[PDB]
Every structure is written in C-alpha cells, then in structure tokens.
Protein chains: 2
Amino acid sequence: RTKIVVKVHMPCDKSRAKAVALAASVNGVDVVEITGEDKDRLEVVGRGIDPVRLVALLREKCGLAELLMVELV
Amino acid sequence: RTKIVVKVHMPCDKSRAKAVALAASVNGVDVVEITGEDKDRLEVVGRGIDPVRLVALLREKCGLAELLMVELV
C-alpha cells in the first residue's frame, strides 16, 4: 500500500543493521531495504503504516530521521 | 516468518561456502541461500533471527557484511 523513504543517521554498518531492524518491527511494515547512493536512506513498504510514528522512532533511537517521500500504490 | 539479505565479502567459492555455513548456525535460521548476479549476497530465512548479531557475525568472520533488506513473509 504505502512506500516510505526516510533518511536515517547510520554512521557505520552496525547502525544500518539496527535501524533496518527497528523499522522492520513497526506495525504494518512488510519490508525494509537500504537505499540511496550514500546508503543513508531506508525504504519501508507496507500497508497501514503511520509514517510520523515510524520516523519519530527512528529519530529517537538513531539521532536523525527525515521523511523524504510518502508514495501510495 | 522473516527473510533477510546480507551482502558478504566472498571472493572465492571456498569463502562462499564458509559464509553460507556460518549464517546457517545463528539461532532461528531455517534456510541459507546464496544469490545475486555476482554471488555476493546471502539470503537467510527463519523465525526470530536477530539481524545485527547475524551481520556482525558475518562481518567479524568474513571481513565486511552489509544488511540490504529484511522482509516479513
């Protein structure tokens, strides 16, 4: 249903993993993937996602989260 | 159930083999497969896997590993 693209502070490859894993646990999330040429963005797909609570949770635990694009399909 | 995809440094078939094996041992893994055009990615399926412990386990023993996607089947 919804495709979210959020930019996350993920310095090393271990913070990538735990960020990819946090979004995975949000309700409604079917899939998370790393993306962007700087490998600094997550793409989150699912149905019924709350984009605000998602990005907030990323920002609390990572230090930065910015919602870039919300797409419907 | 949960499926995840790790890109792992695996130059030769020997190291490919060691990598597939070592992913198979972390807890919750049902299946481990090799994939990608360049046979550089491992897809591991199971339930209850910790992604970061897994990719850290691979990075520790294979040099570098990146978590590319995680999917909730």
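Heads up: these notes are all about the structure in this document.

Section: the interface of chain B and chain A
No. 1: Contacts between chain B and chain A engage twelve residues on the former and 13 residues on the latter.
No. 2: The contact between chain B and chain A buries some 1,100 Å² in all, and 64% of this surface belongs to carbon and sulfur atoms.
No. 3: Three residues stand out in chain B for area buried against chain A, namely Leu67, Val70 and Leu72 of chain B, and they jointly supply 40% of the buried area on that side.
No. 4: Linking chain B to chain A there are one salt bridge.
No. 5: The partner of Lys39 of chain A in a salt bridge is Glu66 of chain B, and the shortest N-O contact between them spans 3.4 Å.
No. 6: The tally of links between chain B and chain A comes to four residue pairs in polar contact.
No. 7: Put simply, the parts of the chain that give the side of chain B that touches chain A at least two residues each are α2 (51-62) and β4 (65-72) of chain B.
No. 8: The leading source of residues in the side of chain B that touches chain A is β4 of chain B, at eight residues.
No. 9: A class-by-class count of the residues in the side of chain B that touches chain A yields nine nonpolar, no polar and three charged.
No. 10: With three bridges connecting them, strand β2 (residues 29-35) of chain A and β4 of chain B associate as antiparallel partners. Residue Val31 of chain A lies in a different strand from β4 of chain B, and its bridge partner there is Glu71 of chain B.

Brief notes about the packing of helix α1 (residues 13-23) of chain B against α2 of chain B
All names here are of chain B.
No. 1: For the pair α1 and α2, interaxial distance at closest approach is 10 Å and the crossing angle is 150 degrees. Comparing their axes, α2 and α1 come out roughly antiparallel. The way α1 lies across α2 gives a crossing that is right-handed. When α1 is examined against α2, the residues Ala19, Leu22 and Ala23 are found in contact with a partner set consisting of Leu54, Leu57, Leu58, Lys61 and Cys62.
No. 2: Among the residues forming the contact of α1 with α2, the class breakdown is seven nonpolar, no polar and one charged.

Description of the pairing of β2 of chain A
All names here are of chain A.
No. 1: Across six bridges, β2 lies against strand β3 (residues 41-46) in antiparallel orientation. By the bridge assignment, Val32 is partnered in β3 with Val44.
No. 2: Between β2 and β3, which pair antiparallel one after the other, the connecting turn spans five residues, and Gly36 there sits at a positive phi close to 90 degrees.

Reading the values: rules and limits
- Residues numbered from 1 in each chain as written, not as in the entry; some residues may be left out.
- Chains lettered and ligands numbered in written order.
- Heavy atoms only, no water.
- Contact = heavy atoms within 4.5 Å.
- Buried area = accessible area lost by both parts, 1.4 Å probe.
- Salt bridge = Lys/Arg side-chain N within 4 Å of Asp/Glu carboxyl O.
- Polar contact = N/O pair within 3.5 Å; in protein donor to acceptor, adjacent residues only side chain to side chain.
- Helix = DSSP H or I, 4+ residues; strand = E, 2+ residues; numbered from the N terminus.
- Nonpolar A, V, L, I, M, F, W, Y, C, P; charged D, E, K, R; others polar.
- Pairing = 2+ DSSP bridges.
- Axes fitted to C-alpha atoms, helices over the stretch in contact; angles between N-to-C directions.
- Parallel < 35°, antiparallel > 145°, perpendicular 65-115°, else oblique.
- Left-handed = near helix turned anticlockwise from the far one by under 90°.

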